[PDB]
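Values quoted throughout were computed directly from the atomic coordinates according to the rules given, and no laboratory measurement underlies them. No Cβ is skipped: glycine too gets one built from the backbone with ideal geometry, and neighbour counts run over all protein chains shown.
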Amino acid sequence: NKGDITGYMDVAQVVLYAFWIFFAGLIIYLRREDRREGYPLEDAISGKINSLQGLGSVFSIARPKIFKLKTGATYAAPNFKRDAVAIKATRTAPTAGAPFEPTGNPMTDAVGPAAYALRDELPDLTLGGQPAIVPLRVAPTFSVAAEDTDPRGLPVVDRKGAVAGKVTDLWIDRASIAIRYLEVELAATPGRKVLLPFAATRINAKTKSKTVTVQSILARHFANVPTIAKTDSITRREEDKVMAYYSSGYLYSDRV
Amino acid sequence: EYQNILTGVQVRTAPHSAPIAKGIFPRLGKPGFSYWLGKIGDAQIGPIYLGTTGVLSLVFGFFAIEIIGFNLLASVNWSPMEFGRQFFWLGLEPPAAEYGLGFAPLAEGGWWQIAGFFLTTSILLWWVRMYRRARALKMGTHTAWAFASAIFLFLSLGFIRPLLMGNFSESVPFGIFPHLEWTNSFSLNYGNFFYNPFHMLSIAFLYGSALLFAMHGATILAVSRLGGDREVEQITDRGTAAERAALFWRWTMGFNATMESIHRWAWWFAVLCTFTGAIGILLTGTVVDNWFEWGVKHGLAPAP
Amino acid sequence: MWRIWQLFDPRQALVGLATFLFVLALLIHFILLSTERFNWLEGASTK
Amino acid sequence: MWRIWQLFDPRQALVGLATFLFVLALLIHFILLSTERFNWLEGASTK
Amino acid sequence: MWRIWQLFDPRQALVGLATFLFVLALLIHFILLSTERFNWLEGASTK
Amino acid sequence: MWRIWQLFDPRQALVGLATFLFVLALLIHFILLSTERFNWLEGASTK
Amino acid sequence: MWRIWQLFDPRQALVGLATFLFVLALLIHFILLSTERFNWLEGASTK
Amino acid sequence: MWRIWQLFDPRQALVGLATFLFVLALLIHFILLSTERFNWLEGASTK
Amino acid sequence: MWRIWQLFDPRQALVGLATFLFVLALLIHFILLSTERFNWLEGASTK
Amino acid sequence: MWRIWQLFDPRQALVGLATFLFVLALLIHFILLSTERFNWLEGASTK
Amino acid sequence: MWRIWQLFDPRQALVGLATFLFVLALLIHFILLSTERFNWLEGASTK
Amino acid sequence: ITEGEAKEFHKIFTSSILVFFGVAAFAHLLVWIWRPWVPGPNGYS
Amino acid sequence: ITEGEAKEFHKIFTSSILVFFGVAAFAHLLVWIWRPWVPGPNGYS
Amino acid sequence: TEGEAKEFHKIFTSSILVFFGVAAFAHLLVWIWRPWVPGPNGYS
Amino acid sequence: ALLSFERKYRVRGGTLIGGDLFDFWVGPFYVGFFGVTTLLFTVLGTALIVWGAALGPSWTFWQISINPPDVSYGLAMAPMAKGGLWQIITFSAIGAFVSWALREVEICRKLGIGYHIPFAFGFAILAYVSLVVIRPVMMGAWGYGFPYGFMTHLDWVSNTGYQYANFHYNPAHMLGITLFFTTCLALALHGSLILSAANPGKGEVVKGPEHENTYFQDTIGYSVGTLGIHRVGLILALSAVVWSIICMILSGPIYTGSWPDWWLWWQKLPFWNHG
Ligand code: 07D
Ligand SMILES: CCc1c(C)c2cc3nc(cc4[nH]c(c(CCC(=O)OC/C=C(\C)CC/C=C(\C)CC/C=C(\C)CCC=C(C)C)c4C)c4c5nc(cc1[nH]2)C(C)=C5C(=O)[C@@H]4C(=O)OC)C(C)=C3C(C)=O
Ligand SMILES: COC(C)(C)C\C=C/C(C)=C/C=C/C(C)=C/C=C/C(C)=C/C=C\C=C(C)\C=C\C=C(C)\C=C\C=C(C)\C=C\CC(C)(C)OC
Ligand SMILES: CCCCCCCCCCCCO[C@@H]1O[C@H](CO)[C@@H](O[C@H]2O[C@H](CO)[C@@H](O)[C@H](O)[C@H]2O)[C@H](O)[C@H]1O
Ligand SMILES: CCCCCCCCCCCCO[C@@H]1O[C@H](CO)[C@@H](O[C@H]2O[C@H](CO)[C@@H](O)[C@H](O)[C@H]2O)[C@H](O)[C@H]1O
Ligand SMILES: CCCCCCCCCCCCO[C@@H]1O[C@H](CO)[C@@H](O[C@H]2O[C@H](CO)[C@@H](O)[C@H](O)[C@H]2O)[C@H](O)[C@H]1O
Ligand SMILES: CCCCCCCCCCCCO[C@@H]1O[C@H](CO)[C@@H](O[C@H]2O[C@H](CO)[C@@H](O)[C@H](O)[C@H]2O)[C@H](O)[C@H]1O
Ligand SMILES: [Fe+3]
């Protein structure tokens, strides 16, 4: 009557169907944006570019958008830079859906939860073109705020209670003011130094004494933590490697 | 077992900010630090930028708020006690039907119209402020358009639908309980606002926004041990945090987003929540008198 | 008096003054429009 | 038109055709089922 | 006029055109189904 | 026709086809059950 | 007026023009459908 | 047909098939309990 | 007056002015359709 | 009063002035339309 | 009893005492204003 | 896939699909015998 | 922008604005001939 | 700069005056059509 | 069928139950024991929903409804024809949700990430359980749960809301609405800030965390931080769900009257109870 267009069809229904068309287009756009990393898909066994995909393939992958960096650098998304098919693991079954048996110590072989993305060897930059993740020694201005336990010199122990080492230095992000890493000197090897992510620590400020505990890896696992080069500025690949190694603890912290 | 839900150890440094052209106005606010905010997020407070558009928006908004509060206090004969008693029930009511879209007497809705105009102007000037602040920092204006969606819903509720009906009588009052009562009576007058399909779409997108911002928050907190909280850096250089975030949802759900595109989903769900809502508000009364009868006609109801 | 601009930046003073005067004038015109006597467009009779 | 397979991979065209024609067959069947005349399950009278 | 295909990938153009044409055809068919006169399934009389 | 398995893996084809056939059979059985004439459980007279 | 394409990308401008024209045409068609006089599906009388 | 176990591992396909069979059997029993003739617990008369 | 394009880029100025003019034209047309006298689709009598 | 441009920036001042003038023009036009005497689109009788 | 002042510095102690006493005075005065007998402003009769 | 198994798989698939189609056809024939599903121009008298 | 291309853009922009204003003025004159939009003292009719 | 302010003001004032002249002509025409200051007995 | 980086984390282990039996993938999905169980419950519940649609009079997707048993049955199991099907679908839905969350736990262990996502999903499962189990049990009948239907569960929402004559006046409902709206606003702001930082315009190199902090320091006066924003967003959504659960437990099990006149307590505090 008042709002109809043709007998049964009215304005509200037409606007609804217009929204449905727009939402289908928006879903297509959002899925195109989603398919900007890890695409196109590879075969599970051989690794050839194959996938059960229809007429939407032409619309599935977007043209590489270009990200500009404040160093002259550039990222392409999608960049069709893929991983090698042969990893340090073997198929439990040759059925393309089976999982992988690691063929070694997966902590130091970067297999599974220990696997780290193959990033670039450049530290995160600040607004001034300098490394963002730095030790507190080479950032005199930065200081640990009061009313919080200072995690310097506290014993670093695992869940079993064994004192893995001692913390000497804190590594912090300059871009976002927060602690990133604790520098830990090994009680077993003074000549060895490791980085333990701050996200992997408990404050433990409420106990008989003050200590730093880690629930992921055991004390001996601190003897194989990946090392870094500059000791005062850490690249993205190095930090990603260290975090992946520490995060691999929970799955297989007691052998494989 | 740490979770990155609270920051046990905080860091405090010399406050600093990205460089902007000086302009007519400087940065204002003598930045300080707070402890609970630093426990949940960053600790620094301010400084707030107050440009020409900022001054304009603040003046218009303050004028509107003072008009609204003066009217609310005057409605209870300036009694602070009785103002406390009725504060939730107090409301600046819109002008009646007979006055159309013209100026009503101040007591009969003129103050409501003046306050609504000043509030609309301040909100639009705040939108311009968000746009200009994003452009000044050499950034994109996604926040401005996300805000424009909400402004569309606000103007549809307060101004656009009155324009279409030629009448401010059915606009929403300036009160705590009165605006809820407006919501209830608007739904009742137009037949079970559940049967509005754009209301259903808006509820779907509100539920989806909560769902998405729980999924995404929990995902980033789950990969925060892997540098996953540093989302823009994982967007420009994909780390293993982003890879595991994608693979979790790919294995549990069949598909996944990018660290960049998940926020496109986040943007669009929030924007659509209010876009469909504004459309549904603009459609009621003008095109669809009774949403229950529309639902009966179109198969949403069992046709009593 | 002559040094009022040695404490206030003339750009900020002018912008704030213009904003306040514009909003106040708009408010006054709106209030007169909301009257049976000073609404010059409705033009209701004095008597 | 034998050349269109230079543009369209046979796997992609075949999967897309399968899905599209299945959905269209469902749609047409459901439309027929919602009609008074061609709903072959209740078999309502023509006259 | 043969130059348009230098602007657009023929796969993109063809798939998009097929999508647009099918959606438009579905739209028109449903609009006709909504009318009393052109609905061929209930077939209301012309009179 | 046998070249179809040079496009499609047989294992995933079998599992997907089994799932699709089972869902279709469930759908048709349920549709018949909702039908007055073809509900073999309620069993109303066809006369 | 041939220098406009030195400012606007022919592909992007042509796509945007096509989409804008399609939406405008669709809206005009639905507006005419809404009116009594120009609805060509019901076909109401001029008088 | 003895070769099907090359396509599907018995140790897991068997358990998945057992789960599917249990679901189907329990669904059919629920459907029968929902009826009026084949509900052996209600035991409603056929006459 | 040619120096104004010194301050403003021809391309952004063109797109902004184009959108502004189209939106204003749409608004004026919708206003006219809202008025009884100037609705050319309903065609109400001048009397 | 030529030094008014030695304080503020011509480009931002011009865009702000154009936006403000257009918004004020829209507001005055809308107010006039909302009045019976000065609504030039509706039939406006002086008496 | 003077030993209070080496745990509570007089700055915070006195500001807290001032806020507490002022809030309590406001409370008691308002409570009296809510009662008819003691509302010294409305001044309802004792009887 | 290796073509050396496609010959066997297609023959098994063809045999099984004909078996499935024949069983379905016999079931449809039985249902039609019990109750046909194509009404005449009066309904289901 | 470069002053040399600024002159050319200003020239042909001025021509285009003249064209748009002329077409719009013709449209307004046609509408006014059809139905004027400035009412008289006693309304319209 | 401030040197360009002279020419900017030279053209800005001419634009101000032409815009104001068009606006004033519009106001004069509207006042002929319908003046907007009512008298003691309202409008007539 | 794998992402460019997928065939590196597809290791075994990380499963709570099943050992190596179901530790595999089907297409993109990980199955596990709890994927099998969520298929078990989903297939059965969906089949029962379609069966109730067949027993229903519509087949109209928006008019298909599974109703809970009438309140005259109390907390008793109901006959499948009249009420029992809703109960079985409820139990199947609970089992499927729990299986989904547990499968998410296994995936989290396999990828070595935190268990935040299944914990957050636990709140949605709890909201559903409070709506179909906890509240009906406290109220004493299964007929206080909502029907499983597209538009009929909205009829349930409206009927129960107007049972207390205005359900807006439920203060826990006000707080849940505030949290939901604030979650939507915060999600809009966060997605917008991330997109604007990643896509700053022509030229316009990608901005860092300092630019993102500066934007909201200038516009609002405070910036939460690129890590704390996900914290506050997850807490906002979970708290919205918690306060919705609270407002629905308060209505019926605890409060059985008009919510609007619950607020008279506020009207009659002793320092303005003018009487
Ligand atoms: C008896 C009531 C009846 C009942 C049936 C029912 C029930 C439900 N509903 Mg509904 N609702 C009914 C009526 C009804 N409902 C809505 C709206 C929604 C949307 C709002 C989205 C939003 O974010 O809004 C909120 C966003 C706005 C209003 C837009 C942005 C606001 C801005 C920028 C304000 C800026 C402010 C300042 C700067 C501050 C200073 C100003 C001052 C001091 C004055 C959302 C999806 C939503 C949800 C649900 C659910 C979940 C349910 C359940 C579970 O039952 N409802 C609005 C709408 O869009 O409708 C299409 C609307 O107008 C309207 C009406 C009349
Ligand atoms: C996707 C849809 C989503 C939905 C669900 C959603 C809902 C609601 N969003 C709501 C409120 C606001 N939203 C905002 C801002 C505007 C501020 C304003 O207008 O100030 C302009 C007004 C005023 C100036 C008037 C008063 C002023 C006061 C109280 C101060 C007076 C005193 C003074 C000046 C003196 C003292 C101080 C000195 C310094 C001297 C407010 C807080 C904004 C945004 N929403 C977005 C989106 C969404 N908003 C996005 C993307 C945003 C922005 O960009 C923008 C912003 O700044 O966000 C941080 C409300 C009430 C909502 C509900 C539920 O109803
Ligand atoms: C700082 O304050 C101190 C004094 C403490 C206290 C002051 C004030 C107080 C206590 C204020 C409290 C205010 C409250 C409780 C406000 C509640 C507000 C709510 C909930 C509002 C909710 C919705 C209202 C909306 C959405 C209204 C929208 C109205 C609009 C958009 C109207 C626009 C109208 C226009 C543009 C009118 C045009 C017509 C004319 C011709 C008049 O325009 C010139
Ligand atoms: C008329 C009815 C009521 C509506 C209010 C109309 C007046 C208020 C809105 C006018 C339009 C504002 O539009 C905006 O104006 C301000 C100046 O004021 C300008 O912006 C200016 O202030 C900003 C503040 O961040 C500074 O960077 C700089 O001093 C300058 O750019 C913008 O370039 C213009 O986009
Ligand atoms: C996987 C197997 C799928 C099998 C699918 C089989 C599809 C075809 C089945 C129906 C074939 C047609 O079947 C035929 O239909 C005509 C209607 O024109 C009917 O015709 C017969 O019955 C009707 C009344 O019921 C009489 O009016 C008519 O005179 C008589 O000849 C019969 O029902 C049958 O003779
Ligand atoms: C360039 C494109 C855009 C162009 C926009 C410009 C449009 C200008 C329109 C108004 C111009 C003035 O138009 C003039 O108005 C006067 C009122 O003062 C009208 O007034 C005259 O005609 C009306 C018609 O009913 C009589 O009732 C009235 O007594 C008489 O004075 C004239 O008929 C008209 O010629
Ligand atoms: C940039 C634009 C600037 C616009 C400036 C506008 C200035 C306004 C000038 C007002 C001139 C006064 O002109 C005088 O006013 C009186 C009221 O006092 C009005 O009085 C007259 O009109 C009214 C109403 O139509 C009637 O009662 C009667 O016809 C007569 O009294 C007339 O209009 C005129 O006689
Ligand atoms: Fe994020």
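Would you mind counting up the charge near O:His274? Only other residues with Cβ under 12 Å from its Cβ, with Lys and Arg at +1 and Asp and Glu at -1.
Around O:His274, the surrounding residues sum to -1.
Could you please report the charge total around A:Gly3, scoring K, R as +1 and D, E as -1 over all other residues with beta-carbon less than 14 angstrom from its beta-carbon?
-3
Quick one: if the Förster radius is 51 Å, what FRET efficiency do B:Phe159 and A:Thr74 give, using the C-beta to C-beta distance and rounding to 0.05?
Calculated value: 0.65.
Can you find, among B:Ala150, B:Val287, B:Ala21, the residue farthest towards the positive end of the dipole of chain B? Put +1 on the C-beta of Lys and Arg, -1 on that of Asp and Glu.
B:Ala21
As a quick test, which of the pairs A:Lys160/A:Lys206; A:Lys65/A:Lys241; A:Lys193/A:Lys241; A:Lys193/A:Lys230; A:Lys70/B:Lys39; O:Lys8/O:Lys110 have an alpha carbon distance above 20 angstrom in this structure?
Result: A:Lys65/A:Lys241; A:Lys70/B:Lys39 exceed 20 Å.
Just tell me which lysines come within less than 24 Å, Cα to Cα, of J:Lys47; anything on the same chain fewer than 8 places away is out.
Straight-line reach from J:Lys47, under 24 Å: C:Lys47, I:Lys47.
List the residues whose amide H sits under 5 Å from the amide H of A:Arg202, counting only those 5 or more places along or on another chain, with H placed 1.01 Å from N in the peptide plane.
Under 5 Å from the amide H of A:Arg202: A:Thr213.
To make sure I understand, if each residue's beta carbon is the centre and we count other beta carbons within 10 Å, what order do O:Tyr115, B:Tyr35 fall in, fewest to most?
B:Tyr35, O:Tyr115
Mark the label point 7 Å from the Cα of A:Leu122 along Cα→Cβ and return the residues of the range B:223-264 whose backbone N is within less than 11 Å of it.
Under 11 Å, as judged by backbone N against the label point of A:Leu122, lie B:237 of the range B:223-264.
Taking each residue in D:38-46, count the Cβ atoms of any other chain within 10 Å of its Cβ, then average. What number comes out?
6
Taking the dipole about the Cα centre of the range O:1-163, with the C-beta of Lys and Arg at +1 and of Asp and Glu at -1, give me whichever of O:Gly112, O:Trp86, O:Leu131 is farthest to the positive side.
It is O:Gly112.
Using a/c under 1.5 as the rounded threshold, could you call chain O rounded, prolate or oblate? The axes a ≥ b ≥ c are square roots of the C-alpha gyration tensor eigenvalues, and prolate needs a/b larger than b/c, oblate otherwise.
oblate
Can you list the residues of the range N:1-41 with backbone N under 14 Å from a point 7 Å past the Cα of M:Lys7, pointing along Cα to Cβ?
none
If we sort N:32-43, A:88-99, H:36-47 on the protection proxy, mean other Cβ atoms within 10 Å, highest first, what's the order?
Packing order, densest peptide first, comes out as A:88-99, N:32-43, H:36-47.
Measuring from the axis that superposes chain J on chain F, report the chain J residue with the minimal C-beta distance, rounded to whole Å.
J:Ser34, 35
Determine the shape class of the range A:107-256: with a ≥ b ≥ c the square roots of the Cα gyration tensor eigenvalues, call it rounded for a/c under 1.5, and otherwise prolate if a/b is greater than b/c, oblate otherwise.
Oblate, because a/c is 1.5 or more while a/b does not exceed b/c.
If you take the square roots of the eigenvalues of the alpha-carbon gyration tensor of the protein assembly as shown and sort them as a ≥ b ≥ c, do you get rounded (a/c under 1.5), prolate (a/b over b/c) or oblate?
In terms of gyration-tensor shape, rounded.
Please list, or write none, the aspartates and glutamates whose alpha carbon is within less than 14 Å of the alpha carbon of M:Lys7, excluding same-chain residues fewer than 8 places away.
The qualifying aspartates and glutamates are I:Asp9.
Long-range amide H contacts for A:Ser143: which residues qualify at under 5 Å (H placed 1.01 Å from N, peptide plane, sequence gap of 5 or more or a different chain)?
B:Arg12
Skipping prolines and chain starts, which residues have an amide H placed within reach, meaning under 5 Å, of the one on O:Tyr222, given they are 5 or more residues away or on another chain?
B:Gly46
Simple spin-label model, 7 Å along Cα-to-Cβ: B:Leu28 to I:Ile28 in nm?
Going by the 7 Å Cα→Cβ label model, 4.1 nm.
For peptide A:126-137, what's the mean number of Cβ atoms from other chains within 10 Å of each residue's Cβ?
Average neighbour count from other chains, rounded to a whole number: 2.
Determine the shielding of peptide C:22-33 by partner chains: average, over its residues, the number of Cβ atoms on other chains within 10 angstrom of each Cβ.
5
For the residues B:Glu82, O:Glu106, M:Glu8, B:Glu231, what sequence is obtained by ranking on other C-beta atoms within 10 Å, fewest first?
M:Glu8, B:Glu82, O:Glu106, B:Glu231
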